[PDB]
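Position one of the sequence shown corresponds to residue 9 (the working numbering), numbered consecutively onward.
Every residue, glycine too, gets a C-beta built ideally from N, C-alpha and C.
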Amino acid sequence: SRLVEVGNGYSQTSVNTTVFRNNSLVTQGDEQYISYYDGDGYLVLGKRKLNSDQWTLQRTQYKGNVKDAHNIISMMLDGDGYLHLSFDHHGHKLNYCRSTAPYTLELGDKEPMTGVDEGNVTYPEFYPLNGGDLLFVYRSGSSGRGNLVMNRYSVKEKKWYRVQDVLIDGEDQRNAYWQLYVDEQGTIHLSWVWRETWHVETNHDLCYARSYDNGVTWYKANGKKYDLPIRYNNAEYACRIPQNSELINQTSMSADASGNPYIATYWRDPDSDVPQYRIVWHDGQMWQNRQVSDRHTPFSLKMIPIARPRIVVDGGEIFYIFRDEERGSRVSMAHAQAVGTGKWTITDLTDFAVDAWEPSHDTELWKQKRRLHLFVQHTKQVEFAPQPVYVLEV
Numbered sequence: 009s010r011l012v013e014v015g016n017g018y019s020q021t022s023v024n025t026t027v028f029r030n031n032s033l034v035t036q037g038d039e040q041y042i043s044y045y046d047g048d049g050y051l052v053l054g055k056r057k058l059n060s061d062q063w064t065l066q067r068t069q070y071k072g073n074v075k076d077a078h079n080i081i082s083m084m085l086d087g088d089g090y091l092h093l094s095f096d097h098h099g100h101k102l103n104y105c106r107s108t109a110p111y112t113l114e115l116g117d118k119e120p121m122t123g124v125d126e127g128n129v130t131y132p133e134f135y136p137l138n139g140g141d142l143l144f145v146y147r148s149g150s151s152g153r154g155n156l157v158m159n160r161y162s163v164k165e166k167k168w169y170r171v172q173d174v175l176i177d178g179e180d181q182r183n184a185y186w187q188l189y190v191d192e193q194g195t196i197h198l199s200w201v202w203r204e205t206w207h208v209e210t211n212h213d214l215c216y217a218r219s220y221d222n223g224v225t226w227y228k229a230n231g232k233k234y235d236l237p238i239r240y241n242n243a244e245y246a247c248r249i250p251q252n253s254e255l256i257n258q259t260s261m262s263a264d265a266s267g268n269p270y271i272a273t274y275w276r277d278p279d280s281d282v283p284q285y286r287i288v289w290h291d292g293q294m295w296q297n298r299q300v301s302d303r304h305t306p307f308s309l310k311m312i313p314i315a316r317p318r319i320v321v322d323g324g325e326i327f328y329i330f331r332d333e334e335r336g337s338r339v340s341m342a343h344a345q346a347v348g349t350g351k352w353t354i355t356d357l358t359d360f361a362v363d364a365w366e367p368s369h370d371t372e373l374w375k376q377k378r379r380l381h382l383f384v385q386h387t388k389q390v391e392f393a394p395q396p397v398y399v400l401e402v
C-alpha cells in the first residue's frame, strides 16, 4: 500500500474529499488523471503515468467556492481522451468544460450541455458508457425539489443529449437522493433513498434501478421493466429502512463483473443507538443486506463522525473503504473474501487522521486493472493549512 503525493489542496472544508466526487481520479489507458481545488481555491488538474509517482499538474483558470463542501469537482475522460469537468455548484448554473485536446490539462470555456434546465445544478457526476460515450447526472433544483437529470455525450458527434428529465418522481411529496455506477458491461445502476420531508431523519429505504441501454429503458434487479417515472409505489426496494434510522443519503454503489449491484451505506438498527456500516447487494437471485462494521459509538444525523463509504468488488470479494472516529479518523478498510459469508477484516490504510475525508476512488482503474486507488487528503469540516493530496494505492 503506497501513498503517492500529488500536491497541496484546500483543506478547510471537505470539498476535495466527498463521497460523491464522480470522479476525483480516473484512469484511461496507462495514464491517471486527478482534480482538486488547491489552497487558493483554484481547480487543479493533474496527470501521471500509472507506473510513475511523477505528476504533471496544471492550475486552471477556474476558482471554486471552496468554503462550501457541496461545490465539488467531478471529472471523466471520454473515449477520445478529452477531459470533461464539472464543478463548483450548490444550486448554480452548470459549470462544465472540456479539455482543448485529448489527454491535455487545459480547459476550454464553460459551455452548456443541452442548455435545458441547467440553471440550478448540484452534484455533477460523470460515468463512462460503452463506445467511449459519457453519462452525466445532476441534481436539478429549479423546481424547488432535487430532480435527477441524466444526459449522454456522444463522443462521435461531440454533443450532449437529454436522456431522462423525469426518472425518479417524488410526486411533489418526497425527495430522493441517489448514486450511480456504470459496470463493466456498460449497464447503468442507480440506487437511492427517499426523504419524506426536508429533514434528514426522514430518509428511508433503498431503491434500485438499472438500464442496459444508456438510460432509455430501466429495469428492476428481478428483471421486470419499469414503467417510468419511478415513484414510491413502483420502485424496487433493495432494503426497507424506516425513517429515524440514521439512514444517510448520497453514498455510493458498485457492481461486480456479473452486473450484480452492491450499495454501501449506513444506518442504525431499531434496538441500537449506534449506526453501523452496511452493504446491500443483489446476487442475481435476491437482495441481501449485512452489517460491515462493529461500532460502539452513537451518533445522530438530526462533522459526521463516520464517512460515507466506497466499495469495490471482484466476484463477491469486497473492499469497503470508510473513515471512523473510533479508528482515529484514518482511512480504513473492511475486507471480506465473500460479501455474504466471509469474516470482515478491518484494517487502517493510513496511520494518520484524515478527519472530514470521505473516499472516492479510481472507478475505471478498478474495472480495467483491478487496482484500488483512493483520493486521500486530510481535510476538516476552521484555520487549517493546505494539506497534501495523495493517491493511496491499496
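Handout entry: Exposure of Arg160, with buried meaning 16 or more beta-carbon neighbours within 10 Å
Key = Walking along the sequence shown from the start, residue 160 turns up at place 152. Buried, since its Cβ has 16 or more Cβ neighbours within 10 Å.
Exercise for the section: Below 7 Å CB to CB, which residues in the same chain sit around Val390 once its five sequence neighbours on both sides are set aside? Expected result: Here the question's residue 390 lines up with position 382 in the sequence shown. Cβ neighbours of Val390 beyond the five flanking positions: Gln20.
Practice task
Quickly, what does DSSP pair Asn268 with across the bridge? List them, please.
Solution key: Residue mapping note: residue 268 aligns to position 260 of the sequence shown, counting from 1. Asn268 is not bridged to any residue.
Problem - residue 405 classed as buried or exposed, judged by whether at least 16 other C-beta atoms fall within 10 angstroms - result: Here the chain has residues from 9 to 402 only, and residue 405 is not among them.
Problem - Beta bridge counterpart(s) of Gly54 as assigned by DSSP - result: Numbered from 1 along the sequence shown, position 46 holds the residue referred to as residue 54. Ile42, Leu65, per the DSSP bridge assignment.
Practice task
Starting from the C-beta of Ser368, find all residues in its chain whose C-beta is less than 6 Å away, skip the five residues before and the five after it, and write them out in chain order.
Solution key: Within the sequence shown, residue 368 is the residue found at index 360, counting from 1. Taken in chain order, the residues that qualify are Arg29, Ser32, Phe383.
Exercise for the section: Taking only the alpha-carbon atoms, compute the straight-line gap between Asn252 and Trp289 and give it to the nearest angstrom. Expected result: Translated into the one-based positions of the sequence shown, residue 252 becomes position 244. Translated into the one-based positions of the sequence shown, residue 289 becomes position 281. In a straight line, the C-alpha of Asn252 is about 22 Å away from that of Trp289.
Practice task
With DSSP as the reference, label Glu333 as helix, strand or coil.
Solution key: Indexing the sequence shown from 1 puts residue 333 at position 325. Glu333 falls in the helix class under three-state DSSP.
Practice task
Just tell me which of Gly149, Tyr131, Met294 has its CA closest to the CA of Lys228.
Solution key: Position 220 of the sequence shown, counted from the first residue, corresponds to residue 228. When each option's Cα is compared against that of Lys228, the closest is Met294.
Handout entry: Run of the beta strand (DSSP E) containing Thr35, from where it starts to where it stops
Key = Within the sequence shown, the letter at position 27 stands for residue 35. Note, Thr35: beta strand (DSSP E), 33-36.
Practice task
Answer yes or no: do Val145 and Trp202 have a C-beta to C-beta separation smaller than 9 Å?
Solution key: The residue labelled residue 145 in the question sits at position 137 within the sequence shown. The residue labelled residue 202 in the question sits at position 194 within the sequence shown. It is not a contact, given that the beta carbons lie outside the stated cut-off.
Practice task
Enumerate in chain order the residues of its own chain whose CB-to-CB distance from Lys375 is below 7 Å, with the five nearest sequence positions on each side excluded.
Solution key: Reading the sequence shown from its first residue, position 367 is the one you call residue 375. Once the five neighbours on either side are set aside, the close Cβ partners of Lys375 are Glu192.
Problem - Straight-line Cα distance separating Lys167 from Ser308 - result: For the purposes of this step, residue 308 is identified with residue 300 of the sequence shown, where counting begins at 1. For the purposes of this step, residue 167 is identified with residue 159 of the sequence shown, where counting begins at 1. Roughly 44 Å separates the two Cα atoms.
Problem - Own chain residues within Cβ distance below 6 Å of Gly37, not counting five before or after - result: Here residue 37 refers to the residue found at position 29 of the sequence shown. Around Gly37: no qualifying Cβ.
Practice task
Name the two residues that bound the continuous beta strand (DSSP E) containing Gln376.
Solution key: Working through the sequence shown from its first residue, we reach residue 376 at position 368. Looking at the DSSP string, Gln376 is not in any beta strand (DSSP E); the run it does join, the alpha helix (DSSP H), is 371-377.
Practice task
Tell me, please, whether the segment 235-248 touches the segment 324-338 by the rule of three or more beta-carbon pairs shorter than 8 Å.
Solution key: no
Practice task
Mind reading off the beta-carbon distance from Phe134 to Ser82? Whole number of angstroms is fine, and I expect it under 8 Å.
Solution key: For the purposes of this step, residue 134 is taken as residue 126 along the sequence shown, with counting starting at 1. For the purposes of this step, residue 82 is taken as residue 74 along the sequence shown, with counting starting at 1. 5 Å between Cβ atoms; contact.
Handout entry: For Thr371 and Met121, the rounded distance between their alpha carbons
Key = Taking the sequence shown and counting its residues from 1, one reaches residue 121 at position 113. Taking the sequence shown and counting its residues from 1, one reaches residue 371 at position 363. Approximately 23 Å, taken between the alpha carbons.
Practice task
Whole angstroms is fine: what's the gap from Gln395's alpha carbon to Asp264's?
Solution key: Along the sequence shown, read from residue 1 onward, the residue named residue 395 stands at position 387. Along the sequence shown, read from residue 1 onward, the residue named residue 264 stands at position 256. The alpha-carbon atoms of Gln395 and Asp264 are separated by roughly 34 Å.
Problem - Reduced DSSP category for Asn138 - H, G, I as helix; E, B as strand; rest coil - result: Residue mapping note: residue 138 aligns to position 130 of the sequence shown, counting from 1. Looking at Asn138 - three-state DSSP - the assignment turns out to be helix.
Handout entry: Bridge-paired residues (DSSP) for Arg218
Key = Counting from 1 along the sequence shown, the entry for residue 218 is found at position 210. Beta-bridge pairing links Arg218 to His197, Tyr227.
Problem - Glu401, DSSP secondary structure in three states - result: Sequence index remark: in the sequence shown, residue 401 carries index 393 (1-based). Of the three classes helix, strand and coil, the one that applies to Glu401 here is strand, per DSSP.
Practice task
Report back the beta-carbon spacing between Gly292 and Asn268 to the nearest angstrom; my notes put them in contact at under 8 Å.
Solution key: Counting from 1 along the sequence shown, the entry for residue 292 is found at position 284. Counting from 1 along the sequence shown, the entry for residue 268 is found at position 260. Going by Cβ atoms, the distance from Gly292 to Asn268 rounds to 6 Å, so yes, they are a contact pair.
Handout entry: Distance between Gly54 and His207 (C-alpha atoms, nearest Å)
Key = On the sequence shown, residue 207 is found 199 positions in, with the first residue counted as 1. On the sequence shown, residue 54 is found 46 positions in, with the first residue counted as 1. Rounded to whole angstroms, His207 to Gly54 spans 38 Å at the Cα level.
Problem - Counted within 10 angstroms of its Cβ, other Cβ atoms place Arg248 as buried (16 or more) or exposed - result: In the sequence shown, counting from the first residue as 1, residue 248 sits at position 240. So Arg248 ends up on the exposed side.
Handout entry: Straight-line Cα distance separating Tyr41 from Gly99
Key = For the purposes of this step, residue 99 is taken as residue 91 along the sequence shown, with counting starting at 1. For the purposes of this step, residue 41 is taken as residue 33 along the sequence shown, with counting starting at 1. When rounded, the distance between both Cα atoms is 27 Å.
Practice task
Report yes if the C-beta distance between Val163 and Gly116 is below 9 Å; otherwise report no.
Solution key: Reading the sequence shown from its first residue, position 155 is the one you call residue 163. Reading the sequence shown from its first residue, position 108 is the one you call residue 116. For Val163 and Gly116, no; Cβs fall outside 9 Å.
Problem - DSSP-derived helix/strand/coil call for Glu13 - result: Here residue 13 corresponds to residue number 5 of the sequence shown, with the count starting at 1. Note: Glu13 maps to strand in three-state DSSP.
Handout entry: Collapsed DSSP secondary structure at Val124 in the structure displayed
Key = Counting from one through the sequence shown, the residue named residue 124 turns up at place 116. Looking at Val124 - three-state DSSP - the assignment turns out to be coil, as it is neither helix nor strand.
Exercise for the section: Evaluate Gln172 with the Cβ neighbour count: other Cβ atoms within 10 Å of its Cβ, from every protein chain shown; 16 or more gives buried, anything less gives exposed. Expected result: Walking along the sequence shown from the start, residue 172 turns up at place 164. Label assigned to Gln172: buried.
Handout entry: Range of the contiguous beta strand (DSSP E) that encloses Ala246
Key = Position 238 of the sequence shown, counting from 1, holds the residue named residue 246. Its beta strand (DSSP E) spans residues 244-247.
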